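Participant: FYI, in the authors' numbering the residues of the sequence shown are 27 to 86, 97 to 128, 134 to 641, 652 to 687. Don't be surprised by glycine CBs; every beta carbon is placed ideally from N, CA and C.
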Amino acid sequence: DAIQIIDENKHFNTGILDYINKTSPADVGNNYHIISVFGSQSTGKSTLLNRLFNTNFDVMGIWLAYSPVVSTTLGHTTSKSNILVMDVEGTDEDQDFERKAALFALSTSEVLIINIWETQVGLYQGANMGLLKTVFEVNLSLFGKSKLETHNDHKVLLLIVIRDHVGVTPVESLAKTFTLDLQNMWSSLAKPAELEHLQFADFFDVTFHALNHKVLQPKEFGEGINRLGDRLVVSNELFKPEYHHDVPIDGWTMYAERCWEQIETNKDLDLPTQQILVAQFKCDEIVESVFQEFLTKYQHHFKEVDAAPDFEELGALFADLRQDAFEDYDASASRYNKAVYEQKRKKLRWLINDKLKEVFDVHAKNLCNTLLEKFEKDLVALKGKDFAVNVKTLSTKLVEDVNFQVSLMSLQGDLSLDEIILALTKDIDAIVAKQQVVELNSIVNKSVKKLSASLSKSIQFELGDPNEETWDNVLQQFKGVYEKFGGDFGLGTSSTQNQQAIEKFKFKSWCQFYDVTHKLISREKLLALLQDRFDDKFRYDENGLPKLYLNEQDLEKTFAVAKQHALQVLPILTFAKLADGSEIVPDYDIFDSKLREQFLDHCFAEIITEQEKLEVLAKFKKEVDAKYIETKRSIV
Ligand SMILES: Nc1nc2c(ncn2[C@@H]2O[C@H](COP(=O)(O)OP(=O)(O)O)[C@@H](O)[C@H]2O)c(=O)[nH]1
Ligand SMILES: [Mg+2]
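#1: On the DSSP bridge assignment, give the partners of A101 in chain order.
#2: Assuming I29 and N39 make a contact with CB atoms under 8 Å, what is their CB distance in whole Å?
#3: Thinking just about the alpha-carbon of each residue, which of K549, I613, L619, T615 is nearest to the one in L636?
#4: So the candidates are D33, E125, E151, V85; which of them puts its Cα closest to the Cα of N57?
#5: Where does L668 sit, in a helix, a strand or coil, going by DSSP?
#6: Are the CB atoms of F632 and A603 within a distance shorter than 9 Å?
#7: Can you tell me which of the three DSSP states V63 falls into?
#8: Cβ-heavy atom distance between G70 and ligand 1 below 8 Å?
#9: Could you tell me which residues DSSP pairs with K618 in its beta bridges?
#10: Tell me whether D676 is buried or exposed, calling it buried when 16 or more other Cβ atoms sit within 10 Å of its Cβ.
#11: What residues in its chain sit with their C-beta under 7 Å from that of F79, if we drop five residues either side in the sequence?
#12: Curious, which full-length alpha helix (DSSP H) runs of at least 4 residues does the region 257-281 contain?
#13: Can you give me the C-alpha to C-alpha distance between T73 and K255, rounded to a whole angstrom?
#14: Find out if the Cβ-Cβ distance for the pair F352, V447 is shorter than 9 Å.
#15: Using three-state DSSP, classify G528 as helix, strand or coil.
#16: Should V202 be counted as a contact of ligand 2 given a C-beta to heavy atom distance under 8 Å?
#17: Report the residue from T660, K560, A297 whose alpha carbon sits nearest the alpha carbon of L611.
#18: Considering just the uninterrupted stretch of the beta strand (DSSP E) at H206, what are its terminal residues?
#19: What span of residues does the beta strand (DSSP E) with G111 cover, start to end?
#20: Who are the Cβ neighbours of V179 in its own chain at under 6 Å, not counting the five residues just before and after it?
#21: Using CA atoms only, rank isn't needed, just tell me which of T294, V478, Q136 is closest to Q541.
#22: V421: buried (16+ other C-beta within 10 angstroms of its C-beta) or exposed?
#23: Counting only the same chain and skipping the five closest in sequence on each side, list residues whose C-beta sits under 8 Å from that of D455.
#24: Return yes when at least one heavy atom of ligand 1 lies under 8 Å from the C-beta of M86, else no.
#25: Excluding five sequence neighbours on each side, which residues of the same chain lie with their C-beta closer than 7 Å to the C-beta of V400?
#26: Which term fits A471, buried or exposed, when burial requires 16 or more other beta carbons within 10 angstroms of its beta carbon?
#27: Considering only residues of the same chain and omitting the five flanking positions on each side of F640, which have a CB-CB separation below 6 Å?
#28: CA-CA distance, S483 and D621?
#29: Report the CB separation of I60 from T149 in whole angstroms; it is logged as a contact under 8 Å.
#30: CA-CA distance, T113 and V346?
#31: By Cβ distance, which residues of its chain are closer than 6 Å to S187, with the 5 residues on each side in sequence left out?
#32: Starting from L153 and walking both ways along the beta strand (DSSP E), at which residues does that stretch end?
#33: Counting along the chain, where does the beta strand (DSSP E) carrying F249 start and finish?
#34: Using the beta-carbon count (16 or more within 10 Å), is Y339 buried or exposed?
#35: Give every residue of the same chain whose Cβ lies closer than 6 Å to the Cβ of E305, excluding the five residues on either side of it in the sequence, and list them in chain order.
#36: Assuming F519 and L504 form a contact by the criterion Cβ under 8 Å, report the distance between their Cβ atoms to the nearest whole angstrom.
The following block contains the structure:
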């Protein structure tokens, strides 16, 4: 059963798309053929179509039908190209319709069948060289521009069926005559100057087929048909790929609709660009439908944010999803124009690659803040021990297995890492700058304490035998370990702030020097020291044996000797001075307001004040007097 694709009011049939869908399976693609038969009314057109292609047009607009089977001398044959057939009746008057219908047929058909009667071959009378000339014109206008400018090999086959052939004239003889009439008419056709050189054969192939008298030789007529079949489908002698219009079957209705609308409204129809447009439209909607198949298929994974992040197991789902999309797209779209098809595939690629990249970023720095957290941790756990290097080694393996782990889910480099490492880097550097200040300050603090611990034991030893050179001995030691700190830190320096860790480490030192001297030489200690010096000479022998006073010359004179021995030490301990007589001045004037806690008025060298010295002397005397009185009550 046949469908009218164009009725007499030049309207295009809406049902065509569904009609094509029924007769053509998803399989066809480019392997189909369009054949048109073109002629004035009742010249055997529907009859030839029904007998040859087995199609059901009515025998006494434009009608389309699928051919289930071709009539051949090998019987009913199904070619494996789908064959569609158009019955084009250009007259019923009108000359406008004729031109339009012929334009349609030539913009969609690979073969044009022209039925001409014999005794009337070579004459409008019962051929229409008027009809052929229209075909020549319509063909030139459709393909003359392409042919000149690209030299494309496109042709259409003219298949001339000679009807009611009797046989006194051989078909070979009729063919030669008619061929030369054809070329002649072509040469004389109005052409632009620059196509003047093109011939009939640059646009057309011809061949002939004689059919015997339908009414008077029915058996032979049947046979001649079957033989046309052999030519079409059994011997595949007629169809050629250079006749084929490059639009797969699924784009065909769109192509036919667009061609007809331009034709009907007298617009400039250009078939190359119209074929590109249908390809572009169709690949586009395959891109979109596939990309939507890829998406609810996506969501049902990726804001399911998930438990245990495996990077190779699903770094390859990325591949699967993207590969299955490629395959559903290749299936429908590869039939289309190569350039259009690949272009829109890339479009599909960089739509998939961008919603796959949002999972890329999430699972990525979830692993960065997972690894930065433990980075940060055993930095601290590496308790300041040689971070000279031990930053560089830790950053290295870190920055490295991020690369490894995350590469698993990039696609041979499609989703770039350049962004993510550039972040992981700055989050690593801005946290060595974190704890560099911690460990810089840390080595300051402990360097200060066993400075002060050494200072304290230096002073203590010196206290046993105070000389006018005991401050010398104290400052010597101090300034010694004072200059042994710096440039030796196992960190990233800052030539500047390596050395201003140093710079008042040098303070806290000066500060400590003051604090320790004043602790170790407080009134209370000084007094205790004085009593010890005193007893050493008043309570014991040189030997160290407890003393036994007999006389009071003995007591009184060693009493004087004991006191002086003790007090000879006061002028030295109450004020920090070297033998030269010079006051010890701290390098930094401490007790300064913001010179103090910029780094975290008294006298630094005054160990004991006047007022304190006077209290010490009063207390020294009272005690020393008592020891005296007693050891004299025990002499009697
Ligand atoms: N003598 C003769 N008559 C034919 C031939 N083919 C068809 N007819 C007759 O011509 C009439 C119209 O044919 P038809 O197929 O409807 O021509 P169409 O209108 O152009 O499709 C029918 O009655 C056919 O029987 C032929 O080859 N020879
Ligand atoms: Mg008809």
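Facilitator: Let's see:
#1: For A101, which the question treats as bridged, DSSP gives the partners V121.
#2: 6 Å
#3: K549
#4: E151
#5: helix
#6: Their beta carbons are not under 9 Å apart, which means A603 does not touch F632 by this criterion.
#7: strand
#8: yes
#9: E624
#10: A residue is called buried when at least 16 other Cβ atoms come within 10 angstroms of its Cβ; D676 does not meet this threshold and is exposed.
#11: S103, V106, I119, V121
#12: DSSP runs (the alpha helix (DSSP H)) wholly in the region 257-281: 259-270.
#13: For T73 and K255, the distance between alpha carbons rounds to 10 Å.
#14: yes
#15: coil
#16: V202 Cβ: outside cutoff for every heavy atom of ligand 2.
#17: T660
#18: Judged by DSSP secondary structure, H206 falls within the beta strand (DSSP E) whose first and last residues are 197-206.
#19: From DSSP, the beta strand (DSSP E) with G111 extends over 111-113.
#20: These residues qualify, in order along the chain: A143, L144, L147.
#21: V478
#22: exposed
#23: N394
#24: yes
#25: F343
#26: exposed
#27: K545, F548
#28: About 38 Å.
#29: 5 Å
#30: Their Cα atoms are separated by approximately 59 Å.
#31: In chain order, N193, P313 place their CB closer than 6 Å to the CB of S187, counting only its own chain and leaving out the 5 sequence neighbours on each side.
#32: First-last of the beta strand (DSSP E) with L153: 152-158.
#33: 245-253
#34: buried
#35: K36
#36: With a Cβ gap of about 15 Å, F519 and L504 do not count as contacting.
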